[PDB]
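This document starts with one chain, in the form deposited in one PDB entry, laid out as C-alpha cells.
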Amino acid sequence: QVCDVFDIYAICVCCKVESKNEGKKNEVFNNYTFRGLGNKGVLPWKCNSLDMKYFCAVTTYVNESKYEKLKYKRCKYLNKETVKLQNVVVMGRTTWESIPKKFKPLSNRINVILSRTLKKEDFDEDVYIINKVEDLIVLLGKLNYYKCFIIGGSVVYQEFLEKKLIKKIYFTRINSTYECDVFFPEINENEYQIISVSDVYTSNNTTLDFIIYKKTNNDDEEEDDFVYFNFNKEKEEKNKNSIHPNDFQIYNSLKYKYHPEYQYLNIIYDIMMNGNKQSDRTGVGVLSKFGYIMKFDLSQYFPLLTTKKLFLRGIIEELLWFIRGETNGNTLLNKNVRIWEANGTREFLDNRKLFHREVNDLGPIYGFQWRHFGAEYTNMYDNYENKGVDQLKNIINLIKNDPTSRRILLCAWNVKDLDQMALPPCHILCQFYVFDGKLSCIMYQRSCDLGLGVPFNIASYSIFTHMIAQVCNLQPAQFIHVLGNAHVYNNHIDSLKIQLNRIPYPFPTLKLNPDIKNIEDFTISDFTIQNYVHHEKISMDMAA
C-alpha cells in the first residue's frame, strides 16, 4: 500500500488501434479498445490541444493546504521526517528524448527520468535521474512534492502497473484511429475500476473524454441548516423495494458523471426510483414522471447512446420520408424500415375507426403537416403540390432571413386532422433559435418511451438539426429535448438496470455530405456516423 502513501498516479492518453486485416472499424468494444500510445518515437495523432491543456492543468496543479495530511502520512510511514510545493513527472529516456528542447524540462514540474544509460551530470540539478523503479520510492520520501504523475512511456507504464505502484489512472480517451507500434497495458478491472467520467469534447477533429481509474479499495453552520431545510423530505424512494439500488453498484460507485449520456441515464434512474405506477392504453405497466429537459451540444459530439447498440438507417429514411411529405407507409416497408408497420395494418386502422383507410395509408401525419398543413387529406397517392402551408420551407426561410424571429416553429400536432391520423404525433413540435451563426433546436415530445423510443428520438432530431443547419449555412449548437409524459415500461426494467451500470464511451460524430444545400436534396448515402464505440446490443424486452 505504498502507491497510496506517496500519491503515485499515472496520466495518459490512448487512441484506437488500426489494422491490416480490418481498419477503421471494430466488432466488439471494451475499455481495451483505447490503447494506442505512440508511433515511431512520437504520438499516433499529430497533437491534441485540449488533451495538452488537460495534461498541463493536472501535472502542474497543487493544493498547498492539502500537503499537510500527506506529510503527516508520508513521514510516519518512512519512519523518518521528510528532509511552494510542486508535482513530479516521471518519464523514460525515450519519452524525455521525444520532448523538444524548447519545451523541456516541463515547467513547474519536478522532472524525473528512468534510464540505465544516462549520467546525472549530462543534465540539470533540478532534473533527477534514477536507475531502478524503487530508486524513485526514496527520492520521493526526500523531496517536497504534492503528487507524483507517471507520464510514460509504454515501458514505464507497464512496470508500474504490474508492481501495483499506481493509485489512480487519468486516462484520456481519443475516439479516433491512428497507426501505432506501442500500446498501453490492459487494465485489470479487478485491481482497477472507473470512478469518474467527464463531458465529451471535440478537439483537432476528434471527440475525446476524460475518465479516472481508482485502485479498488479491496462552514459547518450551513451544513446543519441544510439538514433542517430537508426536514420534510422522504426517507427512501417509492419504488425503493421494487427497484433495489444495490443493483446499481456501478452507477452509484461513480463520483463524477459529466458524460452527456447520463442526462438520459439519470432520467431512467429517476423514473425507476421515484416514478408512479400506472396502467397505459396497452394493458402493459409503466413507471412515469412528467416534465424533463435534456440538452446535447452538437458542436462537441453526436449524442448516439453508447451504453447499447443503436441503428440509424431506418430513422434517417423516416426523416427523408417526412421531408418528402409522404404518408405512404409502403415506401418505408419496401426499404425494410418497419417503424410504422404495426400502425398501418387493417386491424389497427379499423380499431382507430379508420374503416375507409387503405392499409399502410397513415393519413395526414408528420410529412403531410410539415409540407401541407391545412390541406384536405384524400389518400396517400394524391398530388398535394402547393396545397396547405409548407412549414418546412417557411421555417427555413425565417432562419435565413429573420434569425432572431421567435416564431421559427415546426408543428405536427394539427388538432383538426388528429383522428384521421393512424396515431397522433409524439413529437409535437420543433422550435429553432439562432445566435452568432449557430442553430439550436428544442423538440417537445408528449409521450416518451424511455427504454426504446427516446434513444432513437434523440438521434433523429439531432440529425435533423444538422440538416436544417447546413442548408442555412449555420453551425449546429444544441439539440434540446423536452419530455412531457416520460415513462419506462416495466418489461424494460431489467434491461435498463443492466444498461445503467455500463459506463458510456466518448460519443461518435455525424458527417454530412457538405455539398447538399437544399433540405430536399439529402439521400441516404449523404449520412455517415464516425467512430461509434458502443456496448453490445440489449433487448429491452428480455422476454424475447
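Position 1 is the first residue in the sequence shown; the rest follow in order. We call the rigid core whatever largest set of C-alpha positions still superposes within 1.5 Å between the two forms.
* Per the record, how many residues of the deposited chain fall between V83 and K84 without being modelled: none, 1 to 3, 4 to 9, or 10 or more? -> According to the record, 10 or more deposited residues lack coordinates from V83 to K84.
* **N218 to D219: deposited residues without atomic coordinates** => The entry has 10 or more unmodelled residues between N218 and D219.
* Which is higher on average in the deposited entry, the C-alpha temperature factors of 457-465 or of 207-215? -> Looking at the recorded C-alpha B-factors, 207-215 comes out higher on average.
* According to the deposited model, is the average Cα temperature factor higher in 485-493 or in 50-58? -> If you average the C-alpha B-factors of 485-493 and of 50-58, the larger mean comes out for 50-58.
* Asked: Based on what the PDB entry reports, which of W340, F171, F160, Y381 has the top C-alpha B-factor?
  -> Of the candidates given, the C-alpha B-factor peaks at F160.
* Asked: Which has the highest CA B-factor per the PDB entry: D449, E97, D419, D224?
  -> Among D449, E97, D419, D224, the PDB entry lists the largest C-alpha B-factor for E97.
* In terms of the CA temperature factor given in the entry, to which third of its chain does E234 belong: lowest, middle or highest? -> Answer is highest: the recorded C-alpha B-factor places it there.
* When the modelled residues of the chain are sorted by Cα temperature factor, does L70 land in the lowest, middle or highest third? -> Tercile = highest for this residue's CA B-factor.
* To do: Looking at the entry's B-factor column for C-alpha atoms only, identify whether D199 ranks in the lowest, middle or highest third of its chain.
  => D199: CA B-factor falls in the middle third of its chain.
* To do: Report the third (lowest, middle or highest) to which the CA temperature factor of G437 belongs, ranking only the modelled residues of the same chain.
  => Middle third by C-alpha B-factor.
* Asked: What third of its chain's C-alpha B-factors does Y269 belong to: lowest, middle or highest?
  -> Answer is middle: the recorded C-alpha B-factor places it there.
Beyond the structure shown, there is the form deposited in another entry, which is absent from this document and is the topic of what follows.
* Once the rigid core is lined up, just say which one of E189, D225, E234, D419 has a C-alpha that travels 2 Å or more between this form and the one not shown. => Going through each option, the one that shifts is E234.
* Asked: When you overlay the rigid core, is the Cα of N26 off by 2 Å or more between this form and the one not shown?
  -> Yes: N26 shifts by at least 2 Å between this form and the one not shown.
* Align on the rigid core first; then say whether the Cα of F123 has moved by at least 2 Å between this form and the one not shown. => Yes.
* Asked: Compared with this form, is the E125-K142 Cα separation smaller or larger in the other form, the difference being 3 Å or more?
  -> Farther apart, which means the C-alphas of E125 and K142 are at least 3 Å more distant in the other form.
* To do: Tell me whether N21 and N30 end up closer or farther apart in the other form, going by their C-alpha atoms; the shift is 3 Å or more.
  => Nearer in the other form, by 3 Å or more.
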